[PDB]
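Before any comments, here is the structure.
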Number of protein chains: 4
Amino acid sequence: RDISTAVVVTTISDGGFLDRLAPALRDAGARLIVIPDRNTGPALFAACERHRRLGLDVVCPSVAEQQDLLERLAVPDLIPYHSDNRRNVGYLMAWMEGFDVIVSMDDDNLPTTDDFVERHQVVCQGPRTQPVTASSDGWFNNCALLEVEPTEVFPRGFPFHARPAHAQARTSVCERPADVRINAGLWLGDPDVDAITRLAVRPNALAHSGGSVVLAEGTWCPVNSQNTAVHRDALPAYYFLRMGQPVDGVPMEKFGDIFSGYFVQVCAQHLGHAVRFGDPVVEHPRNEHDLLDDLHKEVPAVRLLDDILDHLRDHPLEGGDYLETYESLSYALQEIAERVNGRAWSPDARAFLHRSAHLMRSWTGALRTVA
Amino acid sequence: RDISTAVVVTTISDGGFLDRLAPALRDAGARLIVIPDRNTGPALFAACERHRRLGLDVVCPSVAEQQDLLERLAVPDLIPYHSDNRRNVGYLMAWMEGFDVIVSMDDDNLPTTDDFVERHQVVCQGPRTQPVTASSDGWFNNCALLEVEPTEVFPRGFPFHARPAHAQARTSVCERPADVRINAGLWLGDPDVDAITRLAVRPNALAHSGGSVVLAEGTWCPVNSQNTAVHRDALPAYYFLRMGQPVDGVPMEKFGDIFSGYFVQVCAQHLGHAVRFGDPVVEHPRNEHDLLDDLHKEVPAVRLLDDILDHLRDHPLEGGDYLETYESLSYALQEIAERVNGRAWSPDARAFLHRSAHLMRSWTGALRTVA
Amino acid sequence: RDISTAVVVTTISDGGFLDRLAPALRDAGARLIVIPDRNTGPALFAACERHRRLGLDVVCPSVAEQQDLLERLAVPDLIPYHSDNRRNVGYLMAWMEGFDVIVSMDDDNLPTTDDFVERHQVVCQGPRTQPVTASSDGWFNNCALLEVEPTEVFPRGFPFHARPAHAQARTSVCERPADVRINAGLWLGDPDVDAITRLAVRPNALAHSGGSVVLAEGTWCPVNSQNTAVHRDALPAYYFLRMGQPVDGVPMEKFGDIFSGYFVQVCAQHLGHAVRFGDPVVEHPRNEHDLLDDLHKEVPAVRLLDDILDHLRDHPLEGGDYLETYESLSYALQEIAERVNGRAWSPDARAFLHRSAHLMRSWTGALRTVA
Amino acid sequence: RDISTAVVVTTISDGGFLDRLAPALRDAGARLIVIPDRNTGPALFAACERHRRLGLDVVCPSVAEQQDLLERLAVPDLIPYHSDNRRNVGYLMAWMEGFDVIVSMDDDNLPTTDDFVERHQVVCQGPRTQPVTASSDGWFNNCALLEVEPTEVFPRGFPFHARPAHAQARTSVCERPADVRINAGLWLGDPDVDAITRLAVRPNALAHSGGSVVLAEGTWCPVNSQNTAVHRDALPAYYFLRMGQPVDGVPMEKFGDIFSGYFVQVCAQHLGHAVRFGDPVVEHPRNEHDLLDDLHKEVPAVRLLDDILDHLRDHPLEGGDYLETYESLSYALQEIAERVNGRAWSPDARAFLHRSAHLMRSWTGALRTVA
Ligand SMILES: [Mn+2]
Ligand SMILES: [Mn+2]
Ligand SMILES: [Mn+2]
Ligand SMILES: [Mn+2]
């Protein structure tokens with residue numbers, strides 16, 4: 001095999017999460033790329049050094065080091081300096097060093113099994129004839145693979161127009177070729193639901209009961225960046241979208257991985273690749289913040305997502321690899337920004353897609369500069 | 001002891017709902033006050049004039065008659081002309097003509113029992129020793145009196161900060177004196193939940209199983225205007241609050257009755273009166289909205305309600321009747337607009353309470369003009 | 001007939017302006033009340049303590065002393081803590097300690113004559129038959145009393161709708177009884193023009209040539225707080241209005257004294273008092289601002305002032321002194337907030353008058369507490 | 001010679017302006033392309049037909065005809081349907097029919113001389129060695145060529161950072177080769193000043209006294225679309241920019257020709273071509289609308305223009321003709337949107353350049369489809 005894996009995490013904490021995260025990473029010999037920020041205290045740097053004494057291939061480049069790498073690649077203004085968007089630095093660094101597997105995690109996720117890194121290496125098994133899951137409505141609820149109380153829930157980013165009729169959707173499994181390049185692992189405790197669902201029923205994930213699935217062509221499901229492995233080929237299409245763009249005056253937030261999860265998914269299907277959902281499952285403790293503020297942050301993106309997802313199914317792309325496909329995707333978003341109709345599509349909402357498309361090319365242009 | 005009842009409904013439809021609503025109203029000799037708007041087609045007037053042929057005590061004052069009435073009360077600018085706020089015209093007319101019971105309804109509710117008016121006449125039974133319900137957390141979930149699928153839900157306007165711990169709250173019933181002047185009837189089909197709950201679980205209320213309760217002092221529950229009887233004494237405090245005020249730039253909507261229900265509730269309790277929940281139950285069919293637009297409209301008011309409800313418990317009021325208590329409440333809101341802190345309390349959100357307090361005094365000023 | 005004068009200045013600088021300002025103040029034995037802010041460096045306190053060694057009756061209450069004072073007056077939230085609105089603290093202290101004349105100045109004005117305090121004591125001369133100036137259009141351009149290059153200009157706050165026809169307006173002087181309680185001194189160098197005029201022609205006031213005038217009843221002119229003496233009776237109506245309220249989404253700024261100057265002007269005229277323009281003239285050097293930012297700040301208030309001034313002429317007031325007249329003015333503003341029409345009168349702009357009216361009552365409520 | 005000229009005007013009026021505009025156009029045999037809108041009454045169509053009886057080569061394509069041409073060229077959503085941006089239709093139509101000179105005028109401009117069309121044919125004289133005007137600050141005040149009362153003024157779109165020092169700027173004329181492709185004619189009566197200047201001094205253009213100038217390389221001046229001739233080669237770079245994009249929440253307006261005037265100017269200088277200012281001069285009567293509303297509309301663009309103009313001088317372009325240069329300009333604006341710094345450069349302001357750049361390519365892509 002001889003597979004290299006790099007875990008990418010951005011944080012502003014003191015580094016205490018490394019105590020319950022390092023053992024699973026250092027046992028598999030995987031590299032951990034911790035991306036600090038301006039508002040990151042010197043305790044995280046000391047915590048990374050201490051865990052490197054204990055035998056962890058951890059790196060924590062200071063904001064000075066990060067700005068130099070982005071400066072050489074002619075992208076000094078691409079990544080903001082007070083946001084979790086800085087995880088793109090860890091994406092770029094792991095892609096530069098040439099890792100096979102890039103695992104994107106948050107600083108509050110804990111692996112629940114010993115084979116955490118091994119289960120994420122499924123994106124490097126290549127194309128096999130394997131059971132792939134299809135849905136008559138083109139959507140798959142990966143939260144249905146879990147035991148959730150008090151009621152059924154959809155993951156964050158799942159389109160709202162498809163939820164009422166999804167209970168009638170036919171689900172079939174067929175033995176077909178598939179090349180898994182993205183593996184989204186599930187989460188116990190507080191699942192990855194949007195702020196709307198969390199305020200309504202406060203879901204609780206008890207256990208992973210549904211196993212693992214591989215979605216077929218035409219069946220989609222939102223992919224996150226808190227427990228997801230991405231093959232280095234698919235990483236150019238995994239650019240964490242920059243937030244802050246106002247929709248009808250209200251800036252969107254906390255949806256960078258919803259767009260990247262769909263974008264790397266659309267790009268993978270154009271190249272005949274698939275997305276996997278299931279194991280490894282992480283421990284995600286419950287929240288502790290302002291859920292009404294989370295709602296006010298997520299609504300601007302939620303108002304647009306259903307329209308953007310519908311137009312992406314009708315926009316065929318081009319490209320031989322992920323860089324060419326992701327750029328063809330950026331041009332598709334600019335055409336979508338002028339065709340889509342709706343009350344939430346004020347001039348600033350349409351301009352959100354146009355600036356995002358430019359930032360997506362600035363990301364790929366920096367990757368071509370590396371190569 | 002002949003009790004007179006007036007039903008207030010504002011609508012822009014052609015008047016087809018009168019075909020099914022008038023039977024239960026004319027069987028009790030009750031008055032129906034339909035309040036049309038500017039865009040209300042001339043077909044509603046034909047339905048009202050024709051349903052009066054069948055014995056319905058219905059009125060439908062055109063916008064010319066509504067504005068001539070509001071001119072003489074020195075309040076021409078109080079009520080907007082493209083909003084459901086125009087139901088205040090119906091409240092004013094019934095209180096002018098001297099009805100004992102004012103039943104507020106929407107144009108899509110349907111009485112499910114033949115005793116609809118009689119069950120709403122409970123707000124005239126006077127004070128007597130009756131079983132009253134109290135709660136350790138000071139909140140009562142009226143939806144718990146219903147059979148709701150797929151999971152438990154809270155009514156629209158229920159404070160979000162008290163929802164997680166409400167399951168542990170103790171509920172007791174004690175024989176205590178109480179005077180019911182507000183009776184909020186429940187609703188089958190699509191229950192009155194906020195847009196957050198409806199997007200999440202799409203609730204369906206199957207039956208009324210919990211019976212009727214009378215809330216005690218210090219126990220609150222949101223009261224809407226879709227199926228609520230208000231005694232003529234309590235009506236001055238039942239002013240339907242005017243929407244449209246921006247909160248951090250986003251205008252609020254669909255919460256006029258949420259503020260009115262709490263305001264008439266706090267005023268009733270200060271005067272020794274109580275609110276009742278339960279019967280009569282109406283049929284509110286599930287109407288397919290733009291639920292994302294409903295969410296975008298309700299979030300501005302939701303961001304402030306939790307703070308507003310907490311301060312209204314700390315602020316004692318003054319007044320002998322509802323007219324004096326409602327004015328003291330308006331001065332209390334202006335004191336709250338400067339006391340309160342939070343991220344959602346930008347200068348426009350604070351000025352929303354100040355403009356609302358002035359409009360409430362304008363509403364009571366017109367009632368003092370009539371009386 | 002010993003008259004006491006207090007100069008009120010708020011600043012965030014290091015206190016270098018005291019080197020040139022204190023001579024004219026300590027030569028007249030006048031009191032200087034410097035009001036620092038949170039971000040005011042500790043160098044200002046050394047300049048005040050040291051200028052008192054040279055005989056200056058100066059005080060500089062820290063933010064701790066300012067908040068302790070405002071706590072006992074039940075107005076802790078009245079005055080923000082990062083605004084020039086904190087000069088209201090200086091108005092409060094001088095009115096508390098009982099000074100006859102309160103001279104409002106900025107930290108960049110410089111008296112050009114040795115009789116600065118004496119010329120400002122004109123607001124204590126009492127009522128006498130004196131030449132008063134009237135205008136056929138009801139407006140007087142105080143900048144016409146100055147020599148301004150390169151062209152004629154209007155002061156900041158002058159209504160725009162009356163500017164084109166003001167050249168045809170007739171000006172007459174008549175021996176009439178008048179009682180001056182407000183004296184607005186003029187300014188050489190950079191005149192007090194709005195950001196619109198300054199961006200256009202960059203005015204430069206070379207000399208004071210028109211002398212002094214006393215405006216008659218029905219003749220108005222904006223009064224600022226950069227060089228204005230207010231008698232202690234008129235000070236309750238001189239509350240520096242709080243900025244920040246959004247007009248159609250855009251927050252207003254730099255117009256607190258424009259509203260205060262008109263408010264104390266309308267209140268003085270209802271009580272039979274007059275406003276004076278002319279001497280003493282200060283040296284206001286041209287300070288290079290971000291003039292585009294100044295324009296963006298002043299436009300919100302400018303969009304409303306023309307409508308507000310027109311309605312304030314139609315609304316008669318009540319009151320025996322300034323405390324009762326200023327409160328009647330606040331109730332008049334709430335009546336105007338609903339009467340007025342225009343494109344710039346979105347719900348947030350109307351609620352700006354309602355919140356301002358409450359803050360004015362809070363200001364007078366604290367003065368009633370002191371007295 | 002054998003020169004064809006097409007005058008482009010968009011309007012919503014009844015067509016009365018054709019009475020005083022047709023004689024100068026029909027005498028020279030020039031085509032007039034009147035572009036109506038949705039809110040255009042049938043009187044303009046009758047007025048165009050009547051003037052065609054009198055011998056005017058006028059055309060007035062209905063909104064149905066306009067949408068078909070844009071539909072064939074795969075640009076159905078490029079041009080909005082309630083704006084003067086529809087003059088781009090007249091630009092495209094005259095470019096399709098192959099006119100040498102395209103004269104862009106407003107419906108309220110009247111030629112003051114008989115040689116109006118002949119003086120605008122100067123953009124077809126080709127390159128000659130002629131006196132070109134240079135300025136040490138790189139800016140030229142074309143309003144200095146007029147007699148303006150009561151004081152000197154700058155044209156709309158002139159950068160504000162350069163105005164104070166422009167009085168010291170050296171002006172020299174040198175005999176050098178120049179190919180005039182854009183000729184901006186001046187205007188008597190109400191000049192083309194921004195809303196800031198018009199509210200301050202209300203300028204009045206008395207006569208054209210300065211003659212005509214041809215700006216050299218590096219010397220710029222804003223160009224408008226109300227009295228300007230554009231050679232068909234330079235027309236691809238004359239796309240009237242679409243307004244409505246919010247800057248810090250405030251949408252910009254009335255600045256479509258300010259950006260197009262600078263863009264066709266920058267593109268012309270890259271190709272060695274020049275811009276001419278002077279004759280022919282038109283009659284522009286005084287305004288009649290809400291000048292405060294004009295200010296509120298123009299400020300969002302004014303806050304950005306000085307920054308955009310500075311970066312355009314430091315961004316070298318590419319291209320052999322105007323189509324290639326205008327597209328290279330669109331990519332330059334996207335790089336400028338991420339390099340520029342300022343308080344007014346909120347996320348929606350930066351996204352204004354990105355969407356504008358996409359619309360500029362959609363314009364050129366439609367022109368390449370025509371060819
Ligand atoms: Mn988390
Ligand atoms: Mn309904
Ligand atoms: Mn100053
Ligand atoms: Mn014009």
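In what follows, every chain begins at residue 1, and chains take the letters A, B, ... in the order their sequences are listed. All values below were derived from every heavy atom in this structure, side-chain atoms included, with hydrogens, water molecules and symmetry-related copies excluded.
- For the side chain to side chain contact (heavy atoms under 4.5 Å, CB included) criterion with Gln226(A), the lone passing option out of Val282(A), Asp107(A), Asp108(A), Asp106(A) is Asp106(A).
- Contact annotation for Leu295(A): only side-chain heavy atoms (C-beta onward) come within less than 4.5 Å of a heavy atom of chain B.
- Top candidate by heavy-atom pairs under 4.5 Å with chain B, chosen from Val153(A), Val201(A), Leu292(A), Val250(A), is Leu292(A).
- With a 4.5 angstrom heavy-atom cutoff, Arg303(B) touches chain A via backbone and side-chain atoms both.
- Proximity to chain A is absent for every atom of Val193(B), based on heavy atoms less than 4.5 angstrom apart.
- Using a 4.5 Å cut-off between heavy atoms, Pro164(A) touches chain B through backbone and side chain atoms alike.
- For the pair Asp257(B) and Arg87(B), the salt-bridge criterion is not met [side-chain N within less than 4.0 Å of a carboxylate O].
- Between the side chain of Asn204(A) and the main chain of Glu149(A), no donor-acceptor pair closer than 3.5 Å is present.
- Between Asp294(A) and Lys254(A) a salt bridge is recorded (basic side-chain N to carboxylate O distance below 4.0 Å).
- Ring geometry, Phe158(A) versus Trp139(A): the interplanar angle falls from 30° to 60°, so the pair is classed tilted.
- Interface remark: of the candidates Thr197(A), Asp293(A), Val299(A), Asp293(A) forms the most heavy-atom pairs closer than 4.5 Å to chain B.
- For chain A, the nearby parts of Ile196(B) are the backbone and the side chain; heavy atoms of each come within less than 4.5 Å.
- Remark: aromatic rings of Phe255(B) and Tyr262(B) are distant, center separation not under 6.0 Å.
- Neither the backbone nor the side chain of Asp194(A) comes within less than 4.5 Å of any heavy atom in chain B.
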